Student: 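Dumping the structure here so I can ask a few things about it.
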Protein chains: 2
Amino acid sequence: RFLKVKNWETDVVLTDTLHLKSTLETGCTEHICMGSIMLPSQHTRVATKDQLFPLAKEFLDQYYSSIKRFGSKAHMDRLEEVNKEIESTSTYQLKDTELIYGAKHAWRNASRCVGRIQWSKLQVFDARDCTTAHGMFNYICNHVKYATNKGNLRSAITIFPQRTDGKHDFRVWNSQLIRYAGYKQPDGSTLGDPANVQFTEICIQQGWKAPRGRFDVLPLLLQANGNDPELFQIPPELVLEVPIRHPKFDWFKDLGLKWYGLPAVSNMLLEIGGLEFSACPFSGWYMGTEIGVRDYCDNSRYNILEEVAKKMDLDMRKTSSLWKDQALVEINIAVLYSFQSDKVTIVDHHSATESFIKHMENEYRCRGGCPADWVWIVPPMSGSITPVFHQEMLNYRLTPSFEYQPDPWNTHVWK
Amino acid sequence: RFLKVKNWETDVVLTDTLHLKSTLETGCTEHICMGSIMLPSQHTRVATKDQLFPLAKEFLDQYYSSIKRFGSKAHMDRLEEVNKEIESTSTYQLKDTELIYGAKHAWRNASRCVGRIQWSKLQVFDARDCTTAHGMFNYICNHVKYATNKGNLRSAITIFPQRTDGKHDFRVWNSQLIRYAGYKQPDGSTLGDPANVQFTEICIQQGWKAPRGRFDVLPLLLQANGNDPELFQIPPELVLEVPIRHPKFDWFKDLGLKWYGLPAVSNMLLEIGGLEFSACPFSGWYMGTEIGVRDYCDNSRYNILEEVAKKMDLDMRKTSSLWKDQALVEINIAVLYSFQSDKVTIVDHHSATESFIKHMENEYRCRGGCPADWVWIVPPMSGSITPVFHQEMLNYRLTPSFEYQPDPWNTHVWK
Ligand code: HEM
Ligand code: HEM
Ligand SMILES: Cc1cc(N)nc2cc(-c3cccc(CN)c3)c(F)cc12
Ligand SMILES: Cc1cc(N)nc2cc(-c3cccc(CN)c3)c(F)cc12
Ligand SMILES: C[C@H](O)[C@H](O)[C@H]1CNc2nc(N)[nH]c(=O)c2N1
Ligand SMILES: C[C@H](O)[C@H](O)[C@H]1CNc2nc(N)[nH]c(=O)c2N1
Ligand SMILES: [Zn+2]
């Protein structure tokens, strides 16, 4: 109730009181810790009219307290105002300013995100007036253009109409706005991104004509107000890409690798005051390792370690030659150098984890804590030589938040 | 109560029922996860006569069930036999075979240990007849000689008399049997191992004459039956060491690095059936990364990244040149090659984490689970390209176990 987290590389000590305001549950118990379960049963997402006003009052009480007007008349009138609208319609509508606050704090409370030092500079695009798949395509294009900003990336979220009944639900079926396609081969191996093989054939199912190459940017599949989703191709000039080259190894270009500049996740759900926004794509910029470690070297992904190590002339017989580690560092030096040479915003895992420690200092000071998931904060390479490896972290679930949600193609009453 | 852990690199699914037998607590709650707190308040260590028989009966019930004699007469007579001895003396004495079983299962249940595939081949040296610091020195020397086995390392534990009253307590004050000394300098920097700077001056306090070099093997500080601890120097021919060289970089020898062959931790407490063994050094062999990543590159340790990167001719201005990662992989290739060229048993983090997955399969099959701490299982470099990064793990505390304990010099009623 006044718990302490220690840093063991600096002996810095911090006191968490923010975990007291925590509301959601973790999945752990006194006799079990599930801190390494990937999609815990609590991190996923239907609510009745009854539970909705405590959730609104809870939200509005932090909102007005945050603009130095806690408990005043403007706050009490708004509590009553929402109360009455939840009487009338059994739901309610957020003010524009309450929507911006709730979105910025969902990101703030995302314990698995190492980038949250920037949480307050989030551009919020209100798309709650949207009604059709084409309207969503327009909103998403304007999002992609704004956030990309010619390589000077800017953080943003686009918020589509909230869930109401549950059957009229806006959904982006893509897991990200910009993703490369995955194609299964006759022999069984995979061209493109294996992660998206199931989605790539859903697009062909709905009528996509696939170029059947490596880095083919998938189309968007947009579902508006419960209707069946529709295909649209993002204008190519809006999809900024970085060809990957090395600042020593000239043969690195021959690999013919590239990645997109904009990481923009679209399959998650934003929860604000008890309201659920099922379509809410949000974007930032990449930490290098998400591309060069996970995207490029996960076994179940592009899996390029063996062909990079070949061209490096590496001892690939013994596991203990660390040829895998050795080729992994070159691939990440290449992604960083490539993005930087092209003036596309990217951050390295050293600078981003030093920034998160800096962020943690600020949240324990001006908020009394920072929910943080070590399993996810620690970068996927060189963990112990980044300062977050030695920083104890308390994980707890605060709201507003981002939550996972099932894929629409396994839950949609089709047609 | 029938929880499931998934592997996301293979889609292999396992069912944990062993967590049902769990007894100790984790530190997490429904509203908080402390899976990244290093020394949780539960992982540390005085017990009365009352709670001691459930703990014995609990232990003896798994022991006899494990040798295919559950609930027989030999088991019921032993339950009564211990019962009566706990009536008489309010403690009890383990059979030789109950001691070997309890020790092997403490290691089996160590969720932070990636090496547990070997848990059943542990050599147990019973030192419960010891009474003096010199006797302990003799037992520890025989341990070091046996486990080292001329570089063909063998796992072992030496078990000193159990705690009874609490004031007559056997303790090894060293954190490990073989550790390098740490000396503070006039300017403030550190010669040797910074980790041991506080211990190195306790030895000089008790009269150690320090050679004041880099890799000076500390003396042993042995406390017998509550008496004040005494200094003894391990015969140098028993301390096997590996000079560190690279299989490409000839300048790597110039660094003048070496490490000891035998990892043998002596500051922890073994708990079996409610009995507490305060001195119980145990040893195995090294995973490469414990030396080349943590020992050599932790900021608060030897911290050799900058001087390795210098001699590598690295771009050391920008953080995003990944010069740190690049020099870290060379240092670990060197430790592995050095130990192997000298026929000292070492394992690389790839082979050890593939073995642990293999181990996890066996424990979920023939035991119904495997307690495992992801925060500690995942190696400190190249996390995601080893199979444990993608393996969900349930952590829970089973007994017999190894526990942490305070340092004796902050708890001993001195003289
Ligand atoms: C500004 C640049 C940003 C950087 C460098 C960054 C970095 C990261 C990284 C590396 C992860 C782990 C991802 C993975 O391993 O696949 C992550 C997770 C996440 N990020 Fe951030 N991010 C940024 C912006 C944002 C923004 C703007 C939002 C939301 C508006 C956001 C929300 C999230 C969420 C919700 C998760 C994980 C959700 C979960 O699994 O519970 N991030 N971020
Ligand atoms: C056989 C070769 C072994 C290998 C390769 C191995 C490997 C490891 C490694 C890498 C760690 C993490 C250590 C660190 O990061 O500082 C660890 C922890 C640990 N090992 Fe093993 N180990 C071995 C044998 C043993 C044996 C024989 C025992 C006990 C009899 C043991 C008990 C433990 C315990 C109790 C911990 C962590 C305790 C805690 O923090 O709760 N290990 N091991
Ligand atoms: C906005 C943003 C930026 C970034 N640099 N990275 C991000 C990574 C994720 C993410 C979270 C969980 C799983 C996955 C992979 N599907 C990605 C995310 F939501 C948003 C990210
Ligand atoms: C036996 C054995 C072998 C090995 N290869 N490694 C081991 C590492 C530890 C260990 C556990 C917690 C903290 C520390 C560092 N003080 C070491 C340990 F107890 C025993 C180990
Ligand atoms: C903060 C964190 O709990 C602490 O640094 C832990 C993280 N994981 C670790 N894992 C291992 N194997 N060894 C360690 O010392 C640590 N340190
Ligand atoms: C098994 C484990 O929970 C899973 O692989 C997690 C581990 N930590 C991670 N950390 C990040 N940043 N991203 C991930 O996808 C994962 N995967
Ligand atoms: Zn937990």
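As the structure lists them, so they are numbered: ligands from 1, and atoms in each ligand from 1. Just so it is clear: chains get the letters A, B, ... in the order the sequence lines come, proteins before strands, and each one is counted from 1.
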Student: Salt bridge check, B:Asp407 against B:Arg171: does any charged N sit closer than 4.0 Å to a carboxylate O?
Tutor: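 Not counted as a salt bridge, because no side-chain N and carboxylate O are separated by less than 4.0 Å.
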Student: Considering only heavy atoms from C-beta outward, does the side chain of A:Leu305 approach that of B:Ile385 to under 4.5 Å?
Tutor: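 They are in contact (side-chain heavy atoms under 4.5 Å apart), so the answer is yes.
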Student: Say whether A:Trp376, considering both its backbone and side-chain N or O atoms, lies within less than 3.5 Å of an N or O atom on ligand 6.
Tutor: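 Checking ligand 6 against A:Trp376, an N or O pair does fall under 3.5 Å apart.
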Student: Just checking B:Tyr101 against B:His105, ring centres under 6.0 Å apart?
Tutor: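 They qualify: ring centres under 6.0 Å apart.
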Student: Look only at interatomic distance and state if A:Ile37 has a nitrogen or oxygen under 3.5 Å from any nitrogen or oxygen of ligand 6.
Tutor: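 In fact, backbone or side chain, A:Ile37 has no N or O that close.
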Student: Is any protein N, O or S atom closer than 2.8 Å to atom 21 (Fe) of ligand 2, and if so, which?
Tutor: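 Checking every protein N, O and S atom gives B:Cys113 SG.
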Student: When you compare the side chain of A:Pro40 with that of A:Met34, does any pair of heavy atoms fall below 4.5 Å?
Tutor: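 Sidechains of A:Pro40 and A:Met34: no contact.
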Student: So which protein heavy atom does atom 9 (C) of ligand 6 come closest to, and at what separation?
Tutor: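 I find the closest protein heavy atom is B:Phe389 CZ, 3.5 Å.
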Student: Determine whether any heavy atom of B:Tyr404 lies closer than 4.0 Å to an atom of ligand 2.
Tutor: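 Per 4.0 Å heavy-atom rule, B:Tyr404 contacts ligand 2.
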Student: I'd like to know if the side chain of B:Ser338 and the backbone of B:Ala334 have a donor-acceptor N/O pair within less than 3.5 Å.
Tutor: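 Yes; judged by distance alone, with no hydrogens or angles, the pair exists.
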Student: Please assess B:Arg367 against B:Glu363 for the test salt bridge (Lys or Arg N to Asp or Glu O under 4.0 Å), listing each intermediate value before the final yes or no.
Tutor: CA-CA 5 Å; B:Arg367 200 188 186 196; B:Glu363 293 281 296; 3.4 Å; yes
Student: Does B:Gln391 reach the side chain of B:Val5, with side-chain heavy atoms less than 4.5 Å apart?
Tutor: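 They are in contact (side-chain heavy atoms under 4.5 Å apart), so the answer is yes.
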Student: Between B:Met268 and ligand 2, which part of the residue brings a heavy atom under 4.0 Å of the ligand: side chain, backbone, both or neither?
Tutor: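 Within the 4.0 Å criterion, B:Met268 contacts ligand 2 through side-chain atoms alone.
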Student: So is A:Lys6 actually on top of A:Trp8's ring, under 6.0 Å and inside 45° of the axis?
Tutor: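 Yes; both conditions hold, so A:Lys6 lies above the ring face of A:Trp8.
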Student: For ligand 2, which atoms, with element, lie under 4.0 Å from some heavy atom of B:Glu290?
Tutor: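 In order of numbering, the contacting atoms are 9 (C), 10 (C), 13 (C).
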Student: Just which atoms of ligand 6 are under 4.0 Å from any heavy atom in B:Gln391?
Tutor: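 Once the distances to B:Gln391 are compared, the set is 1 (C).
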Student: Hey, would you say the B:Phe125 and B:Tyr146 ring centroids sit under 6.0 Å apart?
Tutor: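 Yes, the ring centres sit under 6.0 Å apart.
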Student: Do any nitrogen or oxygen atoms of A:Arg294 come within less than 3.5 Å of a nitrogen or oxygen of ligand 6?
Tutor: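 Min N/O separation from ligand 6 is below 3.5 Å for A:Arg294.
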Student: With a 4.0 Å cut-off, would you call A:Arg301 and B:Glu9 a salt bridge?
Tutor: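 Judged by the 4.0 Å cut-off on N to carboxylate O distance, A:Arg301 and B:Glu9 do not form a salt bridge.
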Student: Please state which protein non-hydrogen atom is closest to atom 3 (O) of ligand 6 and give its distance, to 0.1 Å?
Tutor: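 Protein heavy atom at minimum distance: A:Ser36 O, 2.7 Å.
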Student: So, are B:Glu271 and B:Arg45 salt-bridged, with charged N and O less than 4.0 Å apart?
Tutor: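 A salt bridge is present here (some side-chain N lies under 4.0 Å from a carboxylate O).
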Student: At under 4.0 Å between heavy atoms, which part of B:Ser283 makes contact with ligand 2: side chain, backbone, both or neither?
Tutor: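 It is the backbone that touches ligand 2; the side chain stays farther off.
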Student: Are B:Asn299 and A:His390 side-chain neighbours, meaning at least one heavy-atom pair lies under 4.5 Å?
Tutor: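 Not touching, per the 4.5 Å side-chain cut-off.
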Student: Could you tell me whether B:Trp374 approaches ligand 6 through its side chain, its backbone, both or neither, with non-hydrogen atoms closer than 4.0 Å?
Tutor: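 The side chain, only.
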Student: Just wondering, are more than 12 heavy atoms of other shown residues or ligands nearer than 6.0 Å to NZ in B:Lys145?
Tutor: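 Atom NZ in B:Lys145 is not packed in, count stays at 12 or less.
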Student: Students should be able to answer this: which protein heavy-atom is nearest to atom 29 (C) of ligand 2, and at what distance?
Tutor: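 In this structure, atom 29 (C) of ligand 2 has B:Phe282 CD1, 3.3 Å as its nearest protein heavy atom.
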Student: I'd like to know whether CD of B:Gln340 has more than 12 heavy-atom contacts from other residues, nucleotides or ligands below 6.0 angstrom.
Tutor: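 Correct, the count exceeds 12.
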Student: Find out whether B:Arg112 and B:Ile377 are in side-chain contact, i.e. whether some heavy atom of one side chain is under 4.5 Å from a heavy atom of the other.
Tutor: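 Answer no - side chains too far apart.
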Student: So is B:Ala352 touching ligand 2 or not, going by heavy atoms under 4.0 Å?
Tutor: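 Contact check B:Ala352 vs ligand 2: negative.
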Student: Test your reading of the structure: does B:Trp285 have an N or O sitting under 3.5 Å from an N or O of ligand 2?
Tutor: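 Between B:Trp285 and ligand 2 (N or O atoms, distance only) the closest approach is not under 3.5 Å.
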Student: Is atom CD of A:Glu354 surrounded by more than 12 heavy atoms (other residues, nucleotides or ligands) closer than 6.0 Å?
Tutor: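 Open: at most 12 neighbouring heavy atoms sit under 6.0 Å from CD of A:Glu354.
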Student: Could you give the N/O to N/O pairs under 3.5 Å linking ligand 4 and the protein, each with its distance?
Tutor:
from: ligand 4; atom 1: 5 (N); to: B:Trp285; atom 2: O; distance (Å): 2.6
from: ligand 4; atom 1: 5 (N); to: B:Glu290; atom 2: OE2; distance (Å): 2.8
from: ligand 4; atom 1: 6 (N); to: B:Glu290; atom 2: OE1; distance (Å): 2.8

Student: Going by distance only, is there an N or O of B:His43 that falls short of 3.5 Å from an N or O of ligand 2?
Tutor: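 Yes, at least one N or O pair falls under 3.5 Å.
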Student: Counting both backbone and side chain atoms, is some N or O of A:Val375 under 3.5 Å from an N or O of ligand 6?
Tutor: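 Yes, A:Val375 has an N/O under 3.5 Å of an N/O on ligand 6.
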Student: Specify whether B:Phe199 and B:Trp409 have parallel, tilted or perpendicular ring planes, treating 30° as the upper limit for parallel and 60° as the lower limit for perpendicular.
Tutor: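 B:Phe199 and B:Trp409: tilted rings.
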Student: Which of the atoms of ligand 2 are close to B:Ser155, meaning less than 4.0 Å from one of its heavy atoms?
Tutor: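 What qualifies from ligand 2 is 1 (C).
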Student: Which residue holds the protein heavy atom closest to atom 14 (C) of ligand 2, what is that atom called, and what is the gap in Å?
Tutor: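 Atom 14 (C) of ligand 2 sits closest to the protein heavy atom B:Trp376 CZ3, 4.1 Å.
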Student: When the ring centroid of B:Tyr180 is compared with that of B:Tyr260, is the distance short of 6.0 Å?
Tutor: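 Aromatic pair counts; centres sit under 6.0 Å.
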